[PDB]
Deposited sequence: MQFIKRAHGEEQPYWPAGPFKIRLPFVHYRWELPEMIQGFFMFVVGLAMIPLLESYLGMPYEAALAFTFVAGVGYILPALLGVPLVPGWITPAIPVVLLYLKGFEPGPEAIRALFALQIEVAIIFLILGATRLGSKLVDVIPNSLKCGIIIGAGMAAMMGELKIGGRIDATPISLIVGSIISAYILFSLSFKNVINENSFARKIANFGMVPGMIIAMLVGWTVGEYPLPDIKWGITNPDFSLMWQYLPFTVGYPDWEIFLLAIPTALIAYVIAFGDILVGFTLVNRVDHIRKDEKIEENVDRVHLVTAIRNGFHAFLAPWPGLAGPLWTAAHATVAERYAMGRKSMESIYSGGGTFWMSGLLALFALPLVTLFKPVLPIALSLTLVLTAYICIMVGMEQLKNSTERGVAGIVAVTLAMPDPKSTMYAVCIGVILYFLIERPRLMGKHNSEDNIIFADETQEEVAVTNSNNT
């Protein structure tokens, strides 16, 4: 580690306009636990391949090549100054698959996904450039923010249903148990057991699911191949807008309602991510973590535009991988003896994820169980969003509102979500603004609270 950090100061970097550039070994140290974690947990990156095969009609190797593009994409946040361990807009997957499902899987569905993803890029770019992203984090009421987070969490679960199982159950419970039990103060100091688990993070739950999954017979054994992965970019190019067309203007319209809801859901992920960062920022007094919402929009905008052209992504580019981000945050809060900086954990993780792509025996090992990894990220997201959304509710008038908001955001048709927000406005103006149904004071609530 060339440049070290002064206590209470910000992590070393090179100023780069709206971005703060950090490289591994130069600006932050290389974390062995996040290395091992990314060497194994990149399977979730590979877990998109089945969706690519179904909805985009792509052969396995073309799908495998796409994940190299996304792997590069996952390192941009810690590269450009974002403490949010990136991923997909995972609670938007069901909505996005719903959209794609109305196109023939193949070139037609690829043009469709291009139109959806470039818009999502544009929405992120404008809200980030005009700094209108930061405003919304401040302006939007807490009830709505919590309604969105919870709704987004419940969407993640109508999804586990729609994408397509003892594997997933043991996977979910062990994963969620570790996640939960390692969010407490001084856990590692209490037992030798929790000390050793904390260095593996999500690995135990994932690997144990696979194991149960193999022996039980839910998924076939792998056919391990030795050597270095050889991404077929010639093939991949056939499934890019460079080869297939670009969509007619009419397609962009069909995208709009899905584009928007996919953003609203991502906005949730930003709230969840910085909720966790803000917390561990206060625990760790030795680092000054910058929380720039506009930069998260910018990086994410870049990641999507990049994807749109080079690897159209059914899960889209999202601000965080909720469980990976929570897992790193937990290890970060454990102290400098454990993790030097939030970027040393965030950065190393996906860096190792990128290299891991080239470990052909791992790629080939994970190949028959990719479905376990896909449904698991969905389940784990749903868990953390529900948990965080709930806790962020302050009184009972917020909860009364968040309930209405969550329920509408978990009905999968996005035109319908907009029809709700629309009708919600009309009802608000004619009834609520005049306070015809009264003011709502949490201390007055006698039926649902107290």
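**Student:** Enumerate the deposited-sequence segments absent from the coordinates, judged by C-alpha atoms, in order of position.
**Tutor:** Coordinates drop out over 1, 166 to 171, 458 to 471.
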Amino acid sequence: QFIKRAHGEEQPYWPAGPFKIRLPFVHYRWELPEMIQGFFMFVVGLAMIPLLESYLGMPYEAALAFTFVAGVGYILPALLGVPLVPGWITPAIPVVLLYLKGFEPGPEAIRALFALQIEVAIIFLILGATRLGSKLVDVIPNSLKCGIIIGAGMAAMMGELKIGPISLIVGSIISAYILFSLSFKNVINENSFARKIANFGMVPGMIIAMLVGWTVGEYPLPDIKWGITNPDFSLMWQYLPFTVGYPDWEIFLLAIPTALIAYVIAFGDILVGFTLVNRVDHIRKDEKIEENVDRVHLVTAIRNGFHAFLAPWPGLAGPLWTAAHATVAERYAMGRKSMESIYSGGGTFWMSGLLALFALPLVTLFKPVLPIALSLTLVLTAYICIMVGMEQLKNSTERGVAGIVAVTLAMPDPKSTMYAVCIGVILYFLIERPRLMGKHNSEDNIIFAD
From here on, numbers count along this sequence of modelled residues.
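**Student:** Mean C-alpha B factor from the entry: is it higher for 150 to 158 or for 191 to 199?
**Tutor:** Stretch with the greater average CA B-factor: 191 to 199.
**Student:** May I ask you to compare 348 to 356 and 369 to 377 by their mean CA B factor in the entry and name the higher one?
**Tutor:** If you average the C-alpha B-factors of 348 to 356 and of 369 to 377, the larger mean comes out for 348 to 356.
**Student:** Please work out which residue in 362, 206, 240, 283 has the highest C-alpha B-factor recorded for this crystal structure.
**Tutor:** Among 362, 206, 240, 283, the highest C-alpha B-factor in the entry belongs to 283.
**Student:** Given 269, 290, 119, 232, identify the residue with the highest C-alpha B factor in the PDB entry.
**Tutor:** Checking the PDB record, the top C-alpha B-factor among 269, 290, 119, 232 is at 290.
**Student:** Considering every modelled residue of the chain and its Cα B-factor in the PDB entry, is residue 227 in the lowest, middle or highest third?
**Tutor:** For residue 227, whose C-alpha B-factor we compare with every modelled residue in the chain, the answer is the highest third.
**Student:** With respect to C-alpha B-factor, does residue 164 fall in the lowest, middle or highest third of the chain as deposited?
**Tutor:** Highest third - that is where residue 164 ends up once the chain's C-alpha B-factors are sorted.
**Student:** Split into thirds by Cα B-factor across the chain's modelled residues, where does residue 31 land: lowest, middle or highest?
**Tutor:** Residue 31: CA B-factor falls in the highest third of its chain.
**Student:** According to the PDB entry, is the CA B factor of residue 217 in the bottom, middle or top third of its chain, that is, lowest, middle or highest?
**Tutor:** As the PDB entry reports it, the C-alpha B-factor of residue 217 lands in the highest third of its chain.
**Student:** Where does the C-alpha B-factor of residue 90 rank in its chain, lowest, middle or highest third?
**Tutor:** Answer is lowest: the recorded C-alpha B-factor places it there.
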